[PDB]
Amino acid sequence: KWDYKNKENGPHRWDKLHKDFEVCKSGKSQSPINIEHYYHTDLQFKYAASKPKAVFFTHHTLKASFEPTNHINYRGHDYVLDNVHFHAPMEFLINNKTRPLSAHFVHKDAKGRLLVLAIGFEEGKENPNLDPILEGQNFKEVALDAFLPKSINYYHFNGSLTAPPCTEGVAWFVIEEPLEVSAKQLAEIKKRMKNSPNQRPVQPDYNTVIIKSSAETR
Amino acid sequence: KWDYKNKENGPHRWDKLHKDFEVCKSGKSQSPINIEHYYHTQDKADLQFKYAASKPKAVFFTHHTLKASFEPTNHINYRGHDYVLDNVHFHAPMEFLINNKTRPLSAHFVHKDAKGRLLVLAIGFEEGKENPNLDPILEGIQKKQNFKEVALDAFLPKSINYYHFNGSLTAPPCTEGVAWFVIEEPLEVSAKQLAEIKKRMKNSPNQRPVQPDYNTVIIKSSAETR
Ligand SMILES: Cn1nc(S(N)(=O)=O)s/c1=N\S(=O)(=O)c1ccc(C(C)(C)C)cc1
Ligand SMILES: Cn1nc(S(N)(=O)=O)s/c1=N\S(=O)(=O)c1ccc(C(C)(C)C)cc1
Ligand SMILES: [Zn+2]
Ligand SMILES: [Zn+2]
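So the sequence lines, in the order shown, correspond to chains B and A. What the first sequence shows, in the entry's author numbering, is residues 22 to 62, 67 to 161, 166 to 247, in sequence order. What the second sequence shows, in the entry's author numbering, is residues 22 to 247, in sequence order.
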């Protein structure tokens with residue numbers, strides 16, 4: 022049972038717990054990393074009001090799953106949202122800028138490739154998109174179509190899962206725009222993960238090629 | 022033992038030659054691939070060249086290809102990370118595909134920083150004219166010791182467009198984490214130059230078949246070598 026704690030099952034010792042998990046140690050394109058040097062420079070969305078198929082804290086974090094009806098298109102391939110989960114703190118560093126929460130929209134295409142999306146949260150206003158996840166027969170829909178800023182700066186690169194098995198072949202898009210969140214929610218969420226911090230330390234970057242581009246979500 | 026003949030030694034089947042080659046099949050950032058989707062960008066003046074025409078420490082054929090070794094007097098500085106040209110070896114045909122474009126030959130400029138980091142600099146060859154940079158090489162297989170010079174600063178183009186991404190070495194152990202600069206511009210090679218090296222590789226095609234892409238982020242940009 023791998024964990025994020027400072028002991029033996031910790032992030033630094035993940036490869037020597039299971040053997041599929043060597044990649045947490047042997048990989049060169051491991052996520053997360055500190056994004057500070059990048060190059061400035067085809068994304069489509071099928072996000073809609075969706076009922077989470079399930080909501081739960083799992084494998085050390087809180088997570089919401091989804092019916093395979095909501096998609097993202099990249100390179101002419103629909104990737105399917107399974108779930109979106111949370112990390113506190115934010116796993117990814119943006120030019121040494123830190124946020125108290127991020128969220129990962131995890132997707133998969135027909136070939137098999139994963140495409141995940143990360144965005145930051147800054148402390149602030151009460152964020153109404155969070156309640157149906159915090160609320161987990167008659168499941169209330171979640172506003173996937175209203176979650177992200179209409180205008181978004183993203184960073185895109187090739188990386189890894191940030192929790193075991195640290196599988197590679199993941200397309201990372203990380204948004205520079207933060208989603209504001211009131212502090213009562215943050216405290217409430219940090220504790221739905223057992224007041225235990227689920228952030229992987231920055232992994233080695235061996236000059237990951239990153240693009241900065243922009244898009245309109247809706 | 023590993024070769025391109027689709028027997029026991031075939032190229033995807035590399036993982037089963039050494040278990041050192043497991044990344045050759047299990048790897049996610051594997052080269053070569055079709056350079057067909059990419060990002061147009063600028064020049065932050067990142068990659069710089071202080072190359073010079075230099076005499077090889079040794080010339081020899083190795084591991085299904087021709088290769089030349091070099092003194093650490095020649096370096097590449099990039100983003101504050103200096104690499105040493107270690108050697109130059111060849112592939113016919115070219116392994117990386119440029120917009121689905123096929124070249125009859127490549128050459129790989131291998132670089133190394135103090136670390137384990139790799140930097141390969143690849144450029145193509147098409148049928149045609151005599152390659153004056155190559156002319157000093159086919160005479161280089163007839164000799165040891167004082168090998169004939171390579172006009173290496175006269176090898177590459179004065180002005181250069183490349184494609185850049187993180188990939189792997191293209192031959193076993195198929196090591197990933199290799200910074201690829203792939204040049205679209207071809208150098209020319211005579212059919213005489215074309216035919217003779219293929220026999221120094223036994224007319225045996227030494228190209229790793231195209232690997233799966235996991236949405237590899239590639240940028241297209243340009244620079245000056247000379
Ligand atoms: C363990 N892990 N880490 C992640 S991160 N933080 O890099 O986005 S996602 C994850 N596991 S997961 O989201 O439940 C998941 C992993 C793999 C799949 C498939 C589609 C089977 C490849 C589907 C869901
Ligand atoms: C295995 N291999 N693959 C290559 S390709 N086709 O991706 O450019 S070059 C190669 N082997 S090699 O050029 O002799 C070599 C030279 C130097 C090193 C280091 C260990 C970095 C000094 C490692 C391998
Ligand atoms: Zn995550
Ligand atoms: Zn090569």
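In this text, a Cβ means the ideal position worked out from N, Cα and C, and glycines have one as well.
Only exposed fits residue 47(A), as fewer than 16 other CB atoms lie within 10 angstroms of its CB.
In this structure, residue 46(A) has its beta carbon at no less than 7 angstroms from each heavy atom of ligand 2.
In this structure, residue 181(B) lies away from residue 111(B), with their beta-carbon atoms at least 8 angstroms apart. Closest in alpha carbon position to residue 212(B), among 56(B), 185(B), 146(B), 230(B), is 146(B). By a beta-carbon distance limit of 8 angstroms, residue 187(B) contacts residue 236(A). Their separation comes to about 7 angstroms.
Taking all protein chains shown into account, residue 197(B) has 16 or more neighbouring C-beta atoms within 10 Å of its C-beta and is therefore buried.
In terms of side-chain proximity, the C-beta atom of residue 191(B) is found nearer than 7 angstroms to a non-hydrogen atom of ligand 1. Within chain A, no residue has its beta carbon less than 7 angstroms from that of residue 135(B); the closest one is some 13 angstroms off. Considering only beta carbons, the part of the region 59-85 of chain A lying closer than 8 angstroms to chain B consists of 60, 61, 62, 63, 65, in chain order. Here the C-alpha atom of residue 115(B) lies approximately 35 angstroms from the C-alpha atom of residue 191(A). Rounded to whole angstroms, the separation of the alpha carbons of residue 138(A) and residue 210(A) is 31 angstroms. Around the Cβ of residue 232(B), a 10 Å sphere holds 16 or more other Cβ atoms; the residue is buried. Residue environment for residue 185(A): buried (at least 16 other C-beta atoms within 10 angstroms of its C-beta). Shortest Cα-Cα distance from residue 173(B) to any of 151(B), 33(B), 129(B), 199(B) involves 129(B). Annotation for residue 171(B) indicates a beta carbon at 7 angstroms or more from all heavy atoms of ligand 2. It is roughly 7 angstroms from the alpha-carbon of residue 45(A) to the alpha-carbon of residue 51(A). In its chain, beyond the 5 residues on either side, 99, 100 have a beta carbon closer than 7 angstroms to the beta carbon of residue 67(B). Using a Cβ-Cβ cut-off of 8 angstroms, residue 200(B) counts as an interface residue toward chain A, since at least one Cβ of chain A sits closer than that to its own. By a beta-carbon distance limit of 8 angstroms, residue 207(A) contacts residue 124(A). Their separation comes to about 6 angstroms. Counting every other CB atom within 10 Å of its CB across the protein chains shown gives residue 229(A) a total of 16 or more, marking it as buried. Between ligand 2 and the CB of residue 139(A), the shortest heavy atom gap is smaller than 7 angstroms. A straight line joining the alpha-carbon of residue 148(B) with that of residue 113(B) spans about 13 angstroms. For residue 108(B), DSSP records a beta bridge to 90(B), 131(B).
Pairing residue 246(A) with residue 178(A) gives a Cβ-Cβ distance under 8 angstroms. Taking a beta-carbon distance threshold of 8 angstroms, residue 185(A) counts as an interface residue toward chain B. Taken in chain order, the members of the region 25-50 of chain B whose beta-carbon sits within less than 7 angstroms of a beta-carbon on chain A are 49, 50. Residues of the region 195-219 of chain A that bring their beta carbon within less than 7 angstroms of a beta carbon in chain B comprise 197, 198, 200, in sequence order.
For the pair residue 108(A) and residue 134(A), the Cα-to-Cα distance works out to about 13 angstroms. Looking at the DSSP output, residue 211(A) sits in no beta bridge, so it has no partner there. When rounded, the separation of the alpha-carbon atoms in residue 240(A) and residue 59(B) is 11 angstroms. Sequence-distant partners of residue 39(A) (beyond 5 residues in either direction) whose C-beta falls short of 6 angstroms from its own C-beta are missing from its chain. Residue environment analysis places residue 84(A) among the exposed positions, since fewer than 16 neighbouring C-beta atoms fall within 10 angstroms of its C-beta. Between residue 203(A) and residue 244(A), the C-beta spacing is not below 8 angstroms. Using a CB distance cut-off of 8 angstroms, residue 237(A) counts as an interface residue toward chain B. Against residue 240(B), the close residues of chain A are 60, 62, 238, 240, in the order they occur along the chain (beta-carbon pairs closer than 9 angstroms).
Secondary structure remark: continuous alpha helix (DSSP H) runs of at least 4 residues inside the region 110-195 of chain A, in chain order: 156-159.
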